[PDB]
Amino acid sequence: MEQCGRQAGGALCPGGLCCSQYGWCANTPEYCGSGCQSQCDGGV
């Protein structure tokens, strides 16, 4: 799992993954919902 956002110098997730409020990359509501830092729409 890649890191992102505040927790990784502002980095975007690879492969259209959502960056959670904790700075981890995945595509579940826990990552793409409230607090999502980037690519919250899956990179559409």
# chains A, B, ... in the order shown; residues from 1 in each chain; ligands from 1

call {"tool": "select_by_dssp", "arguments": {"residues": "chain A", "states": "alpha helix (DSSP H)", "output": "MDAnalysis selection string"}}
result
chainID A and resid 29:32

call {"tool": "select_by_dssp", "arguments": {"residues": "chain A", "states": "strand (DSSP E or B)", "output": "ChimeraX atom specification"}}
result
/A:3,5,11,18-19,24-26,38

call {"tool": "closest_residue", "arguments": {"among": "A:43, A:12, A:7, A:2", "to": "residue 26 of chain A", "atoms": "only C-alpha atoms"}}
result
A:2

call {"tool": "atom_distance", "arguments": {"atom1": "atom CA of residue 28 of chain A", "atom2": "atom CA of residue 1 of chain A"}}
result
13.3 Å
